[PDB]
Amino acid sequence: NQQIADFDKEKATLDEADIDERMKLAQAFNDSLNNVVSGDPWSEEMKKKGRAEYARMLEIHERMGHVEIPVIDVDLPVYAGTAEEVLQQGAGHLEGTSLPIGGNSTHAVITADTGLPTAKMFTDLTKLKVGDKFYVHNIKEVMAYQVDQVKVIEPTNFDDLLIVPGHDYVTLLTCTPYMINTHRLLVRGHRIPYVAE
């Protein structure tokens, strides 16, 4: 709400040289990425992780951007890493996956909670179908993705979260089934052309 407005307002003031340097750094990070999934965010080891520093180049006031999902009225800020404090605040970027700047041979994974009384997070992610759209906002632009795969996995199976060569994917990840949470729901979209009006 206020946090997304803040991001977008500050984004609009950034000088082009500033955006260019930030994107240079983000692109270098992606091009050098050791593509190994850090872990399952809800495991005890991942919950307790310290401050994530790896995405500072993309951040305005600690937010890397926001993910907008019109069909379920979601627009959620994205923070670096997946520690407990991040999942309390919004969505977390899964360390080990591409930064959310798109490009050939990239796959960014964005995760959030489900079923909580106090913030809806990804509770309605279950409603998404193949063909649905979502929009990833970063300091440079807004990137459109169209869902091409929805699947359920066990928490430690990361095969579906790695880079697919020759493609540009973002997966939205939460827990499933409803109020059970033993597994993970993966909603994967592929990049499509988009010009924001």
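Start at 1 with the first residue shown and count on from there.
Averaged over CA atoms, B-factors in the entry run higher in 81 to 89 than in the other of 68 to 76 and 81 to 89.
Taking the mean C-alpha B-factor of each stretch as recorded, 184 to 192 and 8 to 16 are not equal, and the higher mean is that of 8 to 16. Comparing C-alpha B-factors across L172, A26, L162, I60 in the deposited entry, the largest value falls on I60.
Per the PDB record, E45 has a higher Cα B-factor than any other of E45, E141, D168, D148.
Placement of the Cα temperature factor of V37 within the chain: highest third of the modelled residues, per the deposited record. When all modelled residues of the chain are sorted by CA temperature factor, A52 is found within the highest third.
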